[PDB]
Amino acid sequence: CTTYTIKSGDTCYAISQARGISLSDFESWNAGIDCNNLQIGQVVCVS
Ligand SMILES: [Zn+2]
Ligand SMILES: [Zn+2]
Ligand SMILES: [Zn+2]
């Protein structure tokens, strides 16, 4: 997994859009992530 660290204002949609990936694919790589409750410093997979 390529990792990314959540920063202020980030959203799962915007991370996905920036990388040209679907939000559903992103979710499939992120084990039930709570996209409405992201924490600054949280680490996600972007591939
Ligand atoms: Zn979803
Ligand atoms: Zn896909
Ligand atoms: Zn939530």
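In this chain, numbering begins with 1 at the start of the sequence shown. The figures that follow rest on heavy atoms only: side chains count, while hydrogens, waters and symmetry mates do not.
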Original post:
Should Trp29 and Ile21 be marked as a side chain to side chain contact (heavy atoms under 4.5 Å, CB included) after you check the CA-CA gap, both sets of side-chain angles, and the distance that decides it?
Top reply: CA-CA 11 Å; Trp29 307 333; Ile21 58 178; 3.7 Å; yes

**OP:** Decide yes or no on side chain to side chain contact (heavy atoms under 4.5 Å, CB included) for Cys45 and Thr2, but give the supporting numbers first.
**Re:** CA-CA 6 Å; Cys45 294; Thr2 309; over 6 Å; no

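Atom-to-atom distance recorded for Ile15:CD1 and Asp10:CG is 4.5 Å, nearest 0.5 angstrom. Between the CD1 atom of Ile33 and the SG atom of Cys12 there is a distance of 4.5 Å, given to the nearest 0.5 Å. Note that the OG atom of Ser8 and the CG atom of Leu38 stand 11.5 Å from one another [nearest 0.5 Å]. The CG atom of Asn37 lies 8.0 Å from the CD atom of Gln42; values are rounded to the nearest 0.5 Å.
Counting only distance, with no hydrogens or angles, the side chain of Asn30 and the backbone of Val44 share no donor-acceptor pair below 3.5 Å.
Scanning both residues, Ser16 and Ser22, for their nearest heavy atoms gives OG-O, 3.9 Å.
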